[PDB]
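Heads up, data30.cif below (mmCIF, C-alpha atoms):
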```
data_coords
#
loop_
_atom_site.label_atom_id
_atom_site.label_comp_id
_atom_site.auth_asym_id
_atom_site.auth_seq_id
_atom_site.Cartn_x
_atom_site.Cartn_y
_atom_site.Cartn_z
CA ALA N 1 0.00 0.00 0.00
CA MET N 2 0.99 3.60 -0.71
CA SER N 3 1.57 5.77 2.34
CA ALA N 4 -1.09 8.15 3.59
CA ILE N 5 1.70 10.74 3.73
CA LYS N 6 2.38 12.12 0.25
CA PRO N 7 5.96 13.19 -0.62
CA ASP N 8 4.83 16.77 -1.46
CA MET N 9 2.17 18.18 0.88
CA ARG N 10 0.58 21.58 1.45
CA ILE N 11 0.01 23.07 4.89
CA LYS N 12 -2.81 25.29 6.15
CA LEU N 13 -2.67 26.84 9.60
CA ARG N 14 -4.46 29.27 11.89
CA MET N 15 -3.09 30.33 15.27
CA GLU N 16 -5.13 32.21 17.87
CA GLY N 17 -2.86 33.70 20.47
CA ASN N 18 -2.44 35.96 23.48
CA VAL N 19 0.95 37.03 24.88
CA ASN N 20 1.11 39.29 27.96
CA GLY N 21 -2.49 40.26 27.25
CA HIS N 22 -1.97 41.08 23.55
CA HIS N 23 -4.43 39.13 21.38
CA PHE N 24 -3.61 38.13 17.81
CA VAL N 25 -4.55 35.83 14.93
CA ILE N 26 -2.03 34.49 12.38
CA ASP N 27 -2.67 32.42 9.25
CA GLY N 28 -0.14 30.14 7.58
CA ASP N 29 0.13 28.77 4.05
CA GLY N 30 2.98 26.40 3.32
CA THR N 31 4.41 23.34 1.60
CA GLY N 32 6.72 20.57 2.73
CA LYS N 33 8.55 17.35 1.92
CA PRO N 34 7.71 15.03 4.84
CA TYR N 35 10.31 12.37 3.99
CA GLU N 36 13.05 15.00 3.62
CA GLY N 37 12.16 16.69 6.91
CA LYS N 38 11.74 20.10 5.27
CA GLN N 39 8.92 22.62 5.21
CA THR N 40 8.37 26.29 4.39
CA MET N 41 5.50 28.52 5.56
CA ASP N 42 4.30 31.97 4.58
CA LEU N 43 2.73 33.55 7.66
CA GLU N 44 0.50 36.62 7.86
CA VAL N 45 -0.82 38.36 10.95
CA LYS N 46 -4.57 38.83 10.48
CA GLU N 47 -5.48 40.53 13.79
CA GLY N 48 -3.58 42.37 16.49
CA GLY N 49 -0.63 43.58 14.41
CA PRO N 50 1.93 45.04 14.68
CA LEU N 51 2.79 42.41 17.30
CA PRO N 52 4.42 44.08 20.34
CA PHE N 53 6.64 41.09 21.11
CA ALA N 54 9.31 38.99 19.43
CA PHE N 55 7.86 36.93 16.57
CA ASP N 56 10.53 34.29 17.31
CA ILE N 57 8.66 32.94 20.35
CA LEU N 58 5.85 31.81 18.02
CA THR N 59 7.81 30.11 15.24
CA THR N 60 8.15 26.64 16.77
CA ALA N 61 4.37 26.54 17.13
CA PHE N 62 4.14 26.96 13.33
CA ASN N 64 4.45 19.33 13.07
CA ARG N 65 6.88 16.44 13.63
CA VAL N 66 5.67 14.77 10.39
CA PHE N 67 8.34 16.92 8.72
CA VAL N 68 11.32 14.95 10.01
CA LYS N 69 13.66 12.71 8.02
CA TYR N 70 13.30 9.43 9.93
CA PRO N 71 15.74 6.58 9.19
CA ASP N 72 14.39 3.09 8.67
CA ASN N 73 15.73 1.90 12.05
CA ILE N 74 13.56 4.32 14.11
CA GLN N 75 9.79 4.01 14.42
CA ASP N 76 8.05 7.06 12.89
CA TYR N 77 5.14 7.73 15.26
CA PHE N 78 3.99 10.84 13.40
CA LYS N 79 3.79 9.47 9.87
CA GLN N 80 1.92 6.47 11.34
CA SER N 81 -0.59 8.84 12.94
CA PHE N 82 -2.18 9.59 9.55
CA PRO N 83 -4.63 9.76 7.81
CA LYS N 84 -6.40 10.45 11.17
CA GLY N 85 -3.73 12.74 12.61
CA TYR N 86 -2.42 13.65 16.05
CA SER N 87 -2.15 16.56 18.47
CA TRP N 88 0.48 18.04 20.75
CA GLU N 89 0.71 20.20 23.86
CA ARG N 90 3.80 22.21 24.70
CA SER N 91 5.19 24.08 27.69
CA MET N 92 7.98 26.63 27.19
CA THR N 93 9.67 27.82 30.40
CA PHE N 94 12.00 30.78 29.89
CA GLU N 95 14.95 31.74 32.08
CA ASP N 96 13.42 35.03 33.29
CA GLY N 97 10.04 33.57 34.29
CA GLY N 98 8.29 33.93 30.95
CA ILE N 99 5.98 30.99 30.28
CA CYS N 100 4.19 29.88 27.12
CA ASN N 101 1.72 27.07 26.58
CA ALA N 102 0.84 25.94 23.07
CA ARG N 103 -1.36 23.33 21.43
CA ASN N 104 -1.76 22.10 17.87
CA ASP N 105 -4.42 19.80 16.45
CA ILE N 106 -3.17 18.35 13.15
CA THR N 107 -5.50 16.74 10.61
CA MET N 108 -5.17 15.67 6.97
CA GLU N 109 -7.55 16.24 4.07
CA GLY N 110 -6.30 15.32 0.62
CA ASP N 111 -2.77 16.65 0.14
CA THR N 112 -2.99 19.20 2.96
CA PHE N 113 -2.19 19.20 6.67
CA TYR N 114 -4.56 21.44 8.65
CA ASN N 115 -3.26 22.97 11.89
CA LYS N 116 -5.44 24.44 14.66
CA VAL N 117 -2.93 26.23 16.90
CA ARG N 118 -3.50 27.99 20.22
CA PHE N 119 -0.73 29.99 21.89
CA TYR N 120 -0.69 31.59 25.35
CA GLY N 121 2.27 33.47 26.82
CA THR N 122 2.45 35.31 30.11
CA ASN N 123 4.84 36.59 32.82
CA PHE N 124 7.30 38.08 30.32
CA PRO N 125 9.08 41.03 31.98
CA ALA N 126 8.22 44.31 30.30
CA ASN N 127 11.94 45.15 30.02
CA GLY N 128 12.95 41.68 28.78
CA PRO N 129 14.07 40.67 25.30
CA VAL N 130 10.70 39.20 24.25
CA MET N 131 8.61 42.32 24.94
CA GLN N 132 11.47 44.55 23.74
CA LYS N 133 11.94 42.59 20.46
CA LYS N 134 15.65 41.91 20.95
CA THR N 135 15.73 38.35 19.57
CA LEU N 136 17.62 37.30 16.44
CA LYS N 137 17.06 33.55 15.93
CA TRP N 138 16.64 30.19 17.59
CA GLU N 139 19.84 28.18 17.67
CA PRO N 140 19.72 24.67 16.17
CA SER N 141 18.53 22.19 18.78
CA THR N 142 18.20 18.50 19.64
CA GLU N 143 14.86 17.17 20.89
CA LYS N 144 15.04 14.09 23.13
CA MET N 145 12.11 11.79 22.24
CA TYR N 146 11.08 9.30 24.94
CA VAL N 147 8.04 7.83 26.68
CA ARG N 148 7.14 9.73 29.87
CA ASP N 149 4.25 8.35 31.94
CA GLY N 150 3.08 6.33 28.94
CA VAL N 151 2.99 9.29 26.51
CA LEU N 152 5.51 10.16 23.80
CA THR N 153 7.34 13.26 24.99
CA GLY N 154 10.00 15.56 23.58
CA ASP N 155 12.34 17.63 25.78
CA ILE N 156 14.49 20.43 24.36
CA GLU N 157 16.94 22.92 25.84
CA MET N 158 16.33 25.91 23.55
CA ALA N 159 18.32 29.10 23.10
CA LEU N 160 17.30 32.37 21.47
CA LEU N 161 20.23 34.44 20.23
CA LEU N 162 19.81 38.07 21.31
CA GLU N 163 21.29 41.38 20.31
CA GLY N 164 24.46 41.90 22.30
CA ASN N 165 26.32 38.56 22.46
CA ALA N 166 23.94 36.65 24.68
CA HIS N 167 21.36 33.89 24.64
CA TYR N 168 17.90 33.72 26.20
CA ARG N 169 17.26 30.13 27.21
CA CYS N 170 14.08 28.07 27.36
CA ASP N 171 13.07 24.53 28.31
CA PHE N 172 10.54 22.87 25.97
CA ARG N 173 8.41 19.88 26.89
CA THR N 174 5.97 18.62 24.26
CA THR N 175 3.57 15.67 24.57
CA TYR N 176 2.48 13.97 21.34
CA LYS N 177 -0.70 11.90 21.00
CA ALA N 178 -1.91 10.01 17.94
CA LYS N 179 -5.67 10.20 17.45
CA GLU N 180 -5.79 6.43 16.87
CA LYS N 181 -4.92 4.94 20.25
CA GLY N 182 -3.48 1.80 18.63
CA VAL N 183 -0.41 3.53 17.18
CA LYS N 184 2.68 1.91 18.69
CA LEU N 185 4.99 4.12 20.75
CA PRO N 186 8.50 4.46 19.28
CA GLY N 187 11.75 3.73 21.01
CA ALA N 188 13.68 6.60 22.54
CA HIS N 189 15.60 8.70 20.02
CA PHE N 190 16.57 12.26 19.09
CA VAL N 191 15.42 14.83 16.53
CA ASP N 192 17.78 17.59 15.38
CA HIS N 193 15.96 20.81 14.45
CA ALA N 194 16.95 23.99 12.63
CA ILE N 195 14.29 26.69 12.25
CA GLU N 196 14.86 30.05 10.60
CA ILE N 197 12.98 33.08 9.34
CA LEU N 198 13.94 33.44 5.68
CA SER N 199 12.42 36.92 5.32
CA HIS N 200 9.90 39.24 6.95
CA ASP N 201 8.28 42.65 6.69
CA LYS N 202 9.60 45.43 8.92
CA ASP N 203 6.79 44.91 11.44
CA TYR N 204 6.63 41.10 10.93
CA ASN N 205 3.12 41.30 9.44
CA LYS N 206 4.41 38.79 6.86
CA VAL N 207 7.05 36.14 7.60
CA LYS N 208 8.52 33.28 5.57
CA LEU N 209 9.63 30.41 7.82
CA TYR N 210 11.71 27.28 7.18
CA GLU N 211 12.53 24.15 9.19
CA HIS N 212 14.86 21.18 8.64
CA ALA N 213 14.66 18.20 11.00
CA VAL N 214 16.35 14.78 11.14
CA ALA N 215 15.86 11.87 13.54
CA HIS N 216 18.72 9.74 14.87
CA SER N 217 19.72 7.47 17.75
CA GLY N 218 22.73 9.59 18.74
#
```

Would you give me this structure, written as structure tokens?
Amino acid sequence: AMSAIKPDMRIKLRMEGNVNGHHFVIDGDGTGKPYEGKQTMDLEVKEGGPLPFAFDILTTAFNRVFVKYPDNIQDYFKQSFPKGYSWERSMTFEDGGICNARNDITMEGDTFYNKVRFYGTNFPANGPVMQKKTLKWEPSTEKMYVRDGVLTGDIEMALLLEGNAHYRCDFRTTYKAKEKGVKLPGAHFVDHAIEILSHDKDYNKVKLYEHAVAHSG
């Protein structure tokens, strides 16, 4: 049988968000190569712009289907389709900032649909997020393992800032296939690299790119 996952897929996304009380809506239109672990999104703020905080804190919320998995590691996410899966994420920043995010991922035809919710709070008014001092996320390694019976990914993240410093964050994401029969994979790692390829001056429009590869170390 031919895989539910097609080698060239489109992506549709809407995020409803609130960071330090600032409400916003962002739409995404993208394409990706699931078996190459590559995807590109064009994002557009639809409400609440210009955003008064660093766009970078949102970008990892804009799907682990787009990972190049070797044949010796079980691919939980590609096995989650056609039905799909969802994830919940906590992001705990070094200065007390805290974000919680969720994505519900479904498939219709050649397109992944993403229903994203994003909540951030406790960011200091003088900190780099509210002051828009971020430059990029550094490439990262996500540790995939089963925690309390649920596939979980832990990441030590780092935002490069203006002025020779990093702003660090702990990610924990829980991943759940909609079909409860999908077998849990063995522990492994996923290397990520996310980058903004271009953006407007006020980040109303952003082009985003991610490359990810799975490995056993």

Subject >> Nearest candidate to residue 55 of chain N (options N:74, N:1, N:130, N:15; using all atoms listed in the file) >> reply: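 Answer, going by the shortest atom-to-atom distance: N:130.
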
Which residues of segment 105-184 of chain N have any atom within 12 Å of an atom in segment 31-40 of chain N when counting all atoms listed in the file, and what is the closest pair of atoms for each, with the distance in Å to one decimal? Order the rows by chain and rising number and write it as JSON lines.
```
{"residue": "N:111", "atom": "CA", "partner": "N:31", "partner_atom": "CA", "distance": 9.9}
{"residue": "N:112", "atom": "CA", "partner": "N:31", "partner_atom": "CA", "distance": 8.6}
{"residue": "N:113", "atom": "CA", "partner": "N:31", "partner_atom": "CA", "distance": 9.3}
{"residue": "N:114", "atom": "CA", "partner": "N:31", "partner_atom": "CA", "distance": 11.6}
```

Original post:
Taking all atoms listed in the file into account, which of N:43, N:66, N:209, N:145 comes nearest residue 108 of chain N?
Top reply: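 Of the candidates, the smallest distance to residue 108 of chain N is held by N:66.
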
Original post:
Out of N:68, N:19, N:151, N:51, which residue has the shortest atom-to-atom distance to residue 88 of chain N when counting all atoms listed in the file?
Top reply: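 Ranked by minimum distance to residue 88 of chain N, first place goes to N:151.
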
Original post:
Which distance in Å separates atom CA of residue 148 of chain N and atom CA of residue 211 of chain N, to one decimal?
Top reply: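 So the two atoms, atom CA of residue 148 of chain N and atom CA of residue 211 of chain N, lie 25.8 Å apart.
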
Original post:
Looking at all atoms listed in the file, which of N:182, N:161, N:143, N:5 is the one that sits closest to residue 216 of chain N?
Top reply: N:143

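In this structure, atom CA of residue 123 of chain N sits 11.8 Å away from atom CA of residue 101 of chain N.
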
Original post:
Please, which residues are within 10 Å of (8.9, 6.9, 14.2) by the file's coordinates, counting all atoms listed in the file, and could they come as a ChimeraX atom specification?
Top reply: /N:65-66,68-81,145,184-189,215

Subject >> Expected selection from the PyMOL selection byres ((chain N and resi 14) around 8), given as a list in words >> reply: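 Listing what the PyMOL selection byres ((chain N and resi 14) around 8) selects in the shown file: residues 12, 13, 15, 16, 25, 26, 27, 28, 115, 116 and 117 of chain N.
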
Original post:
Hey, which of N:50, N:42, N:132, N:118 ends up closest to residue 202 of chain N? Count only C-alpha atoms.
Top reply: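 The answer is N:50, which sits nearest to residue 202 of chain N.
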
List every protein, DNA or RNA residue that has an atom no more than 10 Å from (8.9, 32.3, 15.0) in the file's coordinate frame, counting only C-alpha atoms, and report them as a compact mmCIF listing (two decimals) with C-alpha atoms, in the frame of the given file.
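So the final result, stored in result-v1.txt, reads:
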```txt
# COMPACT_ATOMS: atom_id res chain seq x y z
CA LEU N 43 2.73 33.55 7.66
CA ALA N 54 9.31 38.99 19.43
CA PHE N 55 7.86 36.93 16.57
CA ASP N 56 10.53 34.29 17.31
CA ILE N 57 8.66 32.94 20.35
CA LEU N 58 5.85 31.81 18.02
CA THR N 59 7.81 30.11 15.24
CA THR N 60 8.15 26.64 16.77
CA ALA N 61 4.37 26.54 17.13
CA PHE N 62 4.14 26.96 13.33
CA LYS N 137 17.06 33.55 15.93
CA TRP N 138 16.64 30.19 17.59
CA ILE N 195 14.29 26.69 12.25
CA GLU N 196 14.86 30.05 10.60
CA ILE N 197 12.98 33.08 9.34
CA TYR N 204 6.63 41.10 10.93
CA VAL N 207 7.05 36.14 7.60
CA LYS N 208 8.52 33.28 5.57
CA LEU N 209 9.63 30.41 7.82
CA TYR N 210 11.71 27.28 7.18
```

Original post:
If you measure from atom CA of residue 121 of chain N to atom CA of residue 157 of chain N, what distance in Å do you get, rounded to one decimal?
Top reply: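 Going from atom CA of residue 121 of chain N over to atom CA of residue 157 of chain N covers 18.1 Å.
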
Write out N, CA and C atoms for segment 26-38 of chain N, as a JSON list (two decimals), in the frame of the given file.
```
[["chain", "number", "residue", "atom", "x", "y", "z"],
["N", 26, "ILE", "N", -3.00, 34.64, 13.46],
["N", 26, "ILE", "CA", -2.03, 34.49, 12.38],
["N", 26, "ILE", "C", -2.41, 33.29, 11.52],
["N", 27, "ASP", "N", -2.41, 33.49, 10.21],
["N", 27, "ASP", "CA", -2.67, 32.42, 9.25],
["N", 27, "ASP", "C", -1.37, 31.98, 8.59],
["N", 28, "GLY", "N", -1.32, 30.70, 8.23],
["N", 28, "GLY", "CA", -0.14, 30.14, 7.58],
["N", 28, "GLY", "C", -0.51, 29.35, 6.35],
["N", 29, "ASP", "N", 0.31, 29.48, 5.31],
["N", 29, "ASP", "CA", 0.13, 28.77, 4.05],
["N", 29, "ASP", "C", 1.49, 28.26, 3.63],
["N", 30, "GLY", "N", 1.66, 26.94, 3.56],
["N", 30, "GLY", "CA", 2.98, 26.40, 3.32],
["N", 30, "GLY", "C", 2.98, 25.11, 2.53],
["N", 31, "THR", "N", 4.19, 24.62, 2.26],
["N", 31, "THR", "CA", 4.41, 23.34, 1.60],
["N", 31, "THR", "C", 5.58, 22.64, 2.28],
["N", 32, "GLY", "N", 5.65, 21.33, 2.11],
["N", 32, "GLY", "CA", 6.72, 20.57, 2.73],
["N", 32, "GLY", "C", 6.96, 19.24, 2.07],
["N", 33, "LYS", "N", 8.12, 18.67, 2.39],
["N", 33, "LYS", "CA", 8.55, 17.35, 1.92],
["N", 33, "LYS", "C", 8.69, 16.49, 3.16],
["N", 34, "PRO", "N", 7.65, 15.74, 3.55],
["N", 34, "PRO", "CA", 7.71, 15.03, 4.84],
["N", 34, "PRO", "C", 8.87, 14.05, 4.96],
["N", 35, "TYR", "N", 9.24, 13.35, 3.89],
["N", 35, "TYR", "CA", 10.31, 12.37, 3.99],
["N", 35, "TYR", "C", 11.70, 12.98, 3.91],
["N", 36, "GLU", "N", 11.80, 14.26, 3.54],
["N", 36, "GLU", "CA", 13.05, 15.00, 3.62],
["N", 36, "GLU", "C", 13.18, 15.82, 4.89],
["N", 37, "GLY", "N", 12.12, 15.90, 5.69],
["N", 37, "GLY", "CA", 12.16, 16.69, 6.91],
["N", 37, "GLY", "C", 12.28, 18.18, 6.67],
["N", 38, "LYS", "N", 11.64, 18.69, 5.63],
["N", 38, "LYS", "CA", 11.74, 20.10, 5.27],
["N", 38, "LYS", "C", 10.36, 20.68, 5.04]]
```
